[PDB]
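What follows is the content of upload36.tsv, which has TSV, C-alpha atoms and all ligand atoms:
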chain	number	residue	atom	x	y	z
C	1	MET	CA	8.32	6.88	-15.57
C	2	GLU	CA	6.27	3.64	-15.73
C	3	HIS	CA	2.94	4.80	-17.14
C	4	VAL	CA	0.19	3.27	-15.06
C	5	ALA	CA	-2.63	5.46	-13.68
C	6	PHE	CA	-3.75	5.24	-10.05
C	7	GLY	CA	-7.04	3.41	-9.85
C	8	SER	CA	-6.78	1.70	-13.21
C	9	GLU	CA	-9.13	-1.25	-13.55
C	10	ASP	CA	-6.48	-3.78	-14.50
C	11	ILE	CA	-3.65	-2.50	-12.35
C	12	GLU	CA	-2.92	-5.88	-10.79
C	13	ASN	CA	-2.17	-7.36	-14.24
C	14	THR	CA	0.12	-4.47	-15.16
C	15	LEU	CA	2.08	-4.59	-11.90
C	16	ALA	CA	2.52	-8.35	-12.04
C	17	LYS	CA	5.43	-7.75	-14.57
C	18	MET	CA	7.42	-5.30	-12.42
C	19	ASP	CA	10.45	-5.99	-10.28
C	20	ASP	CA	11.39	-3.72	-7.38
C	21	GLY	CA	13.21	-1.37	-9.83
C	22	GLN	CA	10.22	-0.93	-12.15
C	23	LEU	CA	7.94	-0.31	-9.15
C	24	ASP	CA	10.16	2.67	-8.22
C	25	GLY	CA	9.16	4.27	-11.55
C	26	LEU	CA	5.42	4.61	-10.64
C	27	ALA	CA	3.80	8.02	-10.15
C	28	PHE	CA	2.19	6.83	-6.86
C	29	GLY	CA	3.13	4.90	-3.74
C	30	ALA	CA	2.89	1.12	-3.88
C	31	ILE	CA	3.20	-1.39	-1.07
C	32	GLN	CA	2.76	-5.16	-1.46
C	33	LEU	CA	1.64	-7.01	1.67
C	34	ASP	CA	1.24	-10.71	2.44
C	35	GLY	CA	-1.97	-11.90	4.12
C	36	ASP	CA	-0.52	-11.20	7.54
C	37	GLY	CA	0.33	-7.57	6.67
C	38	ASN	CA	4.08	-8.08	6.31
C	39	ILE	CA	5.70	-5.79	3.72
C	40	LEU	CA	7.06	-7.60	0.65
C	41	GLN	CA	7.66	-4.57	-1.61
C	42	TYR	CA	7.70	-0.83	-0.92
C	43	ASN	CA	8.47	1.71	-3.66
C	44	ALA	CA	10.37	4.96	-3.84
C	45	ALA	CA	7.27	7.12	-4.31
C	46	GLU	CA	5.80	5.76	-1.06
C	47	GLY	CA	9.05	6.61	0.77
C	48	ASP	CA	8.84	10.15	-0.64
C	49	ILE	CA	5.31	10.54	0.80
C	50	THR	CA	6.01	9.05	4.24
C	51	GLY	CA	9.73	9.45	4.92
C	52	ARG	CA	10.34	5.71	5.37
C	53	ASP	CA	13.40	4.17	3.74
C	54	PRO	CA	12.06	1.38	1.49
C	55	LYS	CA	14.77	-1.14	2.17
C	56	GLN	CA	14.41	-0.77	5.86
C	57	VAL	CA	10.66	-1.51	6.11
C	58	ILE	CA	10.60	-4.64	3.93
C	59	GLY	CA	9.88	-7.57	6.22
C	60	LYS	CA	8.21	-5.51	8.90
C	61	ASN	CA	4.52	-5.76	9.71
C	62	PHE	CA	2.65	-2.78	8.34
C	63	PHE	CA	-0.15	-2.76	10.92
C	64	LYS	CA	1.83	-3.64	14.02
C	65	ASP	CA	5.20	-1.95	13.47
C	66	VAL	CA	5.26	0.61	10.65
C	67	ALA	CA	1.80	2.16	10.47
C	68	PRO	CA	-0.10	1.86	13.81
C	69	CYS	CA	-2.39	4.71	12.69
C	70	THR	CA	-3.87	2.23	10.19
C	71	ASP	CA	-4.67	-0.32	12.89
C	72	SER	CA	-8.33	0.61	12.98
C	73	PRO	CA	-11.55	-0.79	11.55
C	74	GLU	CA	-11.36	1.84	8.78
C	75	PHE	CA	-8.09	0.52	7.32
C	76	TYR	CA	-6.79	-2.73	8.85
C	77	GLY	CA	-10.39	-3.88	9.38
C	78	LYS	CA	-11.00	-3.65	5.62
C	79	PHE	CA	-7.76	-5.40	4.85
C	80	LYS	CA	-8.42	-8.32	7.10
C	81	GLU	CA	-11.95	-8.83	5.77
C	82	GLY	CA	-10.47	-8.83	2.24
C	83	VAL	CA	-7.85	-11.39	3.09
C	84	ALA	CA	-10.42	-13.63	4.80
C	85	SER	CA	-12.83	-13.34	1.84
C	86	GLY	CA	-10.14	-13.64	-0.80
C	87	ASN	CA	-11.31	-10.52	-2.62
C	88	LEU	CA	-10.49	-6.87	-1.97
C	89	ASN	CA	-10.96	-3.68	-4.00
C	90	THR	CA	-11.58	-0.48	-2.06
C	91	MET	CA	-10.56	3.15	-2.27
C	92	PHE	CA	-10.81	5.74	0.51
C	93	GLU	CA	-9.11	8.80	1.91
C	94	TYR	CA	-7.05	8.57	5.09
C	95	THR	CA	-4.58	10.63	7.15
C	96	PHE	CA	-1.12	9.26	7.93
C	97	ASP	CA	0.16	10.83	11.18
C	98	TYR	CA	2.64	8.52	12.92
C	99	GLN	CA	6.06	10.13	13.52
C	100	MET	CA	5.40	12.45	10.57
C	101	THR	CA	3.50	15.59	9.61
C	102	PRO	CA	-0.15	14.58	9.17
C	103	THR	CA	-0.61	13.90	5.50
C	104	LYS	CA	-3.92	13.27	3.74
C	105	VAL	CA	-3.85	10.59	1.05
C	106	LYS	CA	-6.07	8.52	-1.18
C	107	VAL	CA	-5.59	4.78	-0.62
C	108	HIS	CA	-6.52	1.99	-3.00
C	109	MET	CA	-6.28	-1.57	-1.66
C	110	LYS	CA	-6.57	-4.40	-4.16
C	111	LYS	CA	-5.80	-8.12	-4.17
C	112	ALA	CA	-2.82	-9.02	-6.32
C	113	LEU	CA	-3.10	-11.46	-9.20
C	114	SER	CA	-0.91	-13.86	-7.23
C	115	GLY	CA	-2.51	-15.75	-4.48
C	116	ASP	CA	-1.74	-14.44	-1.13
C	117	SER	CA	-0.65	-10.91	-1.71
C	118	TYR	CA	-2.35	-7.54	-1.60
C	119	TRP	CA	-1.48	-4.09	-2.89
C	120	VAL	CA	-1.81	-0.78	-1.10
C	121	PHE	CA	-1.55	2.21	-3.46
C	122	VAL	CA	-1.22	5.75	-2.15
C	123	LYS	CA	-1.32	9.23	-3.64
C	124	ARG	CA	-1.54	12.69	-2.14
C	125	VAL	CA	-4.79	14.63	-2.14
C	201	LIG	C1	0.07	5.61	10.33
C	201	LIG	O1	0.68	5.19	11.33
C	201	LIG	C2	0.57	5.58	8.97
C	201	LIG	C3	1.83	5.23	8.71
C	201	LIG	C4	2.40	4.95	7.44
C	201	LIG	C5	1.64	4.85	6.29
C	201	LIG	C6	2.21	4.48	5.08
C	201	LIG	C7	3.58	4.17	5.00
C	201	LIG	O2	4.11	3.81	3.83
C	201	LIG	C8	4.37	4.28	6.14
C	201	LIG	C9	3.81	4.62	7.35

Go ahead and express the file in the form of structure tokens.
Ligand SMILES: *C(=O)/C=C/c1ccc(O)cc1
Amino acid sequence: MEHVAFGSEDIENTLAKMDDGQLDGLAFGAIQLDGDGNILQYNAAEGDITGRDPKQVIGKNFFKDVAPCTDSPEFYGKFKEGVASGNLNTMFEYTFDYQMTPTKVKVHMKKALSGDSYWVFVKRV
């Protein structure tokens, strides 16, 4: 395992050192998005939660293509305000229900330490 707790205050500094292989050792799902919502990184734990194959969703748009259930003011709306503002740090519960059994999760969205990238972290509840 990589030992990093979900919700940790300095998580963006810790994850700045990991490559795709290290990200697969986290105890929670991790997605890195660009400012348009395209998927740059997608770890093994996220694929275990949602059924998606990580290598197949990299490059797709999360809000348009992969996760239309998140295209709502409650999820995408928060993301886009964060990108526009250049700051984002929010945690909320959500249900993922597209082409899968409805699954309740906790989501943490946080701006990355690098400029135009954003993390989405997911764990079951
Ligand atoms: C709603 O459409 C949610 C879909 C979804 C969430 C998270 C993922 O990693 C993949 C699909």

* Asked: Using all atoms listed in the file, which residue out of C:65, C:71, C:9, C:116 lies closest to residue 85 of chain C?
  ->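 The answer is C:116, which sits nearest to residue 85 of chain C.
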
* Give me the residues within 9 Å of residue 28 of chain C as a list in words, counting only C-alpha atoms and dropping any in the same chain fewer than 4 places off. => residues 5, 6, 43, 44, 45, 46, 121, 122, 123 and 124 of chain C

* Restricting the calculation to all atoms listed in the file, which member of C:13, C:70, C:117, C:32 is positioned closest to residue 58 of chain C? -> C:32

* Looking at all atoms listed in the file, which of C:50, C:8, C:56, C:41 is the one that sits closest to ligand LIG 201 (chain C)? ->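 Distance minimum relative to ligand LIG 201 (chain C) lands on C:50.
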
* Pick from C:11, C:1, C:40, C:111, whichever lies nearest to residue 26 of chain C using only C-alpha atoms ->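 Nearest to residue 26 of chain C: C:1.
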
Which protein, DNA or RNA residues are at most 9 Å from (2.8, -6.8, 2.6) in the file's coordinates when you count all atoms listed in the file, listed as a short mmCIF file (atom, residue, chain, number, x, y, z; two decimals) with C-alpha atoms, in the coordinates of the input?
data_model
loop_
_atom_site.label_atom_id
_atom_site.label_comp_id
_atom_site.auth_asym_id
_atom_site.auth_seq_id
_atom_site.Cartn_x
_atom_site.Cartn_y
_atom_site.Cartn_z
CA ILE C 31 3.20 -1.39 -1.07
CA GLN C 32 2.76 -5.16 -1.46
CA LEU C 33 1.64 -7.01 1.67
CA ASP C 34 1.24 -10.71 2.44
CA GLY C 35 -1.97 -11.90 4.12
CA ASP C 36 -0.52 -11.20 7.54
CA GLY C 37 0.33 -7.57 6.67
CA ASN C 38 4.08 -8.08 6.31
CA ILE C 39 5.70 -5.79 3.72
CA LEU C 40 7.06 -7.60 0.65
CA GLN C 41 7.66 -4.57 -1.61
CA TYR C 42 7.70 -0.83 -0.92
CA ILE C 58 10.60 -4.64 3.93
CA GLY C 59 9.88 -7.57 6.22
CA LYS C 60 8.21 -5.51 8.90
CA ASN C 61 4.52 -5.76 9.71
CA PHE C 62 2.65 -2.78 8.34
CA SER C 117 -0.65 -10.91 -1.71
CA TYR C 118 -2.35 -7.54 -1.60
CA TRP C 119 -1.48 -4.09 -2.89
CA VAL C 120 -1.81 -0.78 -1.10
#

* Taking all atoms listed in the file into account, which residues are within 6 Å of ligand LIG 201 (chain C), as a ChimeraX atom specification? -> /C:46,50,66-70,96-98

* Go through C:19, C:24, C:7, C:54 one by one, measure the shortest atom-to-atom distance of each to residue 110 of chain C using only C-alpha atoms, and give the residue with the smallest value. =>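 Ranking C:19, C:24, C:7, C:54 by distance to residue 110 of chain C, first place goes to C:7.
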
* Which of C:4, C:18, C:51, C:30 sits closest to residue 99 of chain C [using all atoms listed in the file] ->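 Of the candidates, the smallest distance to residue 99 of chain C is held by C:51.
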